[PDB]
Structure formats: structure tokens, C-alpha cells
**Q** 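Questions regarding the structure given below will be posed in turn.
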Amino acid sequence: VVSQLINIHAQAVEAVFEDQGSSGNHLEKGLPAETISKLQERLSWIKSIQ
Amino acid sequence: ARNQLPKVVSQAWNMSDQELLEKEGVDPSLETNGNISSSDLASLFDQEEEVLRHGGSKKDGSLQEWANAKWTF
């Protein structure tokens, strides 16, 4: 009666695309997995982003 | 024509990751007089980027402003 799982992760954060005038091609298909790993400015208490 | 640039990038050392930190500037597209674009002049002699280098540890905010100030001026 429940769905099958893929995984469980701690420390999850949600983010959304900012629309600035350009052509965002990546809206045709979802952005591939593994593209993002950094903040705009490094803040010193963080290690890695997946 | 020798004063115009095709693009500018700044560099510094990233000690946390053990690699270089690179930031590209943003072209403000300033409105000036005359009828020839800065982008027509920039490509005339050398299309390679200008690189602003510092050998120490810098914050991203500083590197980004440096590249932007250079291009605007």
C-alpha cells in the first residue's frame, strides 16, 4: 500500500531557479543529476554540496 | 581601439579545495557617445581574455567586484 524507496538523506535543502532574461534551455528536460556543488560566496562552515 | 577588452576574469588560491578560484566579470553595456560599439573594437587585435591575478586567498565577493570595476572603467 506504500511506494518503494530509492533512498533516505539527511541535511536536505530545496532551491529554485531565478528567472533572469536569457534562454534557459534546461527547462525542456530536467537539469541532469550532479551539476551543482557551490554557493555564490563561500561561507566558512560548509564542506560539500551534492 | 586598444582600450577595449573582449572579457575579463580574476584569479586567486582556494585553500579549502586546493585549486584556483576564478570569477568572470559582467558586461554593463554602458551607454556612451559615438556610433561604434566597444564590442567591435575589442575584437580587432586579440580575442584572448584579460586575467587579473592575485597569489593569496581572496573572498568571492572581492574577486567579482574587482573584475567588474576593471571592465567598467
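The figures here come from the full heavy-atom set of this structure, side chains too, leaving out hydrogens, waters and symmetry mates. Proteins get letters first, then strands, A, B, ... in listed order; numbering begins at 1 in each.
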**Q** Do the non-hydrogen side-chain atoms of B:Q4 and B:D40 ever get within less than 4.5 Å of each other?
**A**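 Side-chain contact under 4.5 Å: no.
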
**Q** Measuring from B:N3:CG to B:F73:CZ, what's the distance to the nearest 0.5 Å?
**A**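 If we round to the nearest 0.5 Å, B:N3:CG and B:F73:CZ are 14.0 Å apart.
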
**Q** Applying a strict under-4.5 Å side-chain criterion to I, L, V, M, F, W and Y, I'd like to know whether B:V9 and B:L52 cluster together.
**A**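 Result: no, two separate clusters.
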
**Q** Could you tell me which residues satisfy side-chain hydrogen bond (donor to acceptor under 3.5 Å, both in side chains) with A:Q20, sequence neighbours excluded, listed by chain and number?
**A**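 A:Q20: side-chain hydrogen bond (donor to acceptor under 3.5 Å, both in side chains) contacts with A:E18.
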
**Q** Enumerate the salt bridge (charged side-chain N to carboxylate O under 4.0 Å, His left out) contacts for residues 61-73 of chain B, please, sequence neighbours excluded, ordered by first and then second residue.
**A**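 Listed once each, the pairs are B:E50-B:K70.
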
**Q** Taking all heavy atoms of B:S43 and all of B:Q47, pick out the closest pair and write down the distance.
**A**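 In this case the closest contact between B:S43 and B:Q47 is O-NE2, 2.8 Å.
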
**Q** Only counting residues at least two apart or in another chain, list the ones meeting side-chain hydrogen bond (donor to acceptor under 3.5 Å, both in side chains) with B:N14.
**A**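 Per chain and number, B:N14 pairs via side-chain hydrogen bond (donor to acceptor under 3.5 Å, both in side chains) with B:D17.
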
**Q** B:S57: which residues meet the side-chain hydrogen bond (donor to acceptor under 3.5 Å, both in side chains) condition with it, sequence neighbours left out?
**A**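 Residues passing side-chain hydrogen bond (donor to acceptor under 3.5 Å, both in side chains) with B:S57: none at all.
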
**Q** Which heavy atom of B:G25 sits nearest to which heavy atom of B:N68, and what is that distance?
**A**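 Heavy atoms only, the tightest pair is CA-OD1, 3.4 Å.
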
**Q** So which heavy atom on B:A12 is nearest to which on B:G56, and how close?
**A**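 Where B:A12 meets B:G56 most closely, the heavy atoms are CB-O, 3.7 Å.
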
**Q** With a 6.0 Å cut-off (strictly less than), is the heavy-atom count around CD of B:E48, excluding the residue itself, greater than 12?
**A**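 No.
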
**Q** Within this structure, what is the CD1-OG distance for the pair A:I46 and B:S16, rounded to the nearest 0.5 Å?
**A**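 So the CD1 of A:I46 and the OG of B:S16 are separated by 11.5 Å.
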
**Q** Show which side-chain atoms of residues 27-37 of chain A pair as donor or acceptor with protein atoms under 3.5 Å away, not counting sequence neighbours.
**A**
{"residue": "A:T35", "atom": "OG1", "partner": "A:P32", "partner atom": "O", "Å": "3.2"}

**Q** Hey, could you give me each pair passing ring-ring contact (aromatic ring centres under 6.0 Å, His included) that has a residue in residues 4-34 of chain B? Not counting sequence neighbours.
**A**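 As it turns out, there is no ring-ring contact (aromatic ring centres under 6.0 Å, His included) pair with a partner in residues 4-34 of chain B once direct neighbours are skipped.
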
**Q** Hydrophobic cluster membership, with links at side-chain heavy-atom distances under 4.5 Å among I/L/V/M/F/W/Y: are B:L63 and B:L5 in one?
**A**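 Yes, because B:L63 and B:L5 connect within a single hydrophobic cluster, where side-chain heavy atoms sit under 4.5 Å apart.
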
**Q** side-chain hydrogen bond (donor to acceptor under 3.5 Å, both in side chains) with B:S37: which residues, sequence neighbours excluded?
**A**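 B:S39.
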
**Q** Strictly by salt bridge (charged side-chain N to carboxylate O under 4.0 Å, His left out), give each pair with a member in residues 35-48 of chain A just once, sequence neighbours left out.
**A**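 Passing the test, one end in residues 35-48 of chain A: no pairs.
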
**Q** Any heavy-atom pair between the side chains of B:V51 and B:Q11 that's under 4.5 Å?
**A**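 B:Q11 vs B:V51: side chains touch.
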
**Q** Under 3.5 Å, which donor-acceptor pairs do the side chains of residues 1-12 of chain A form with other protein atoms, sequence neighbours left out?
**A**
none

**Q** Minimum heavy-atom separation for B:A67 to B:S10, with atom names?
**A**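 So the minimum-distance heavy-atom pair works out to CB-OG, 4.1 Å.
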
**Q** Restricting to pairs with a member in residues 17-50 of chain A, which pass ring-ring contact (aromatic ring centres under 6.0 Å, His included), not counting sequence neighbours?
**A**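 Sorted result for residues 17-50 of chain A: A:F17-A:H26.
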
**Q** Which salt bridge (charged side-chain N to carboxylate O under 4.0 Å, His left out) pairs, counting each pair once, include a residue from residues 18-31 of chain B, with sequence neighbours left out?
**A**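 The answer is B:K7-B:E24, B:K23-B:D60.
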
**Q** Tell me if the CD atom of A:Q40 is crowded by more than 12 foreign heavy atoms within 6.0 Å.
**A**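 Incorrect, the count does not exceed 12.
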
**Q** Test: ring-ring contact (aromatic ring centres under 6.0 Å, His included). Region: residues 40-64 of chain B. Which pairs qualify, not counting sequence neighbours?
**A**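 Applying ring-ring contact (aromatic ring centres under 6.0 Å, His included) to every pair that reaches into residues 40-64 of chain B, excluding sequence neighbours, yields nothing.
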
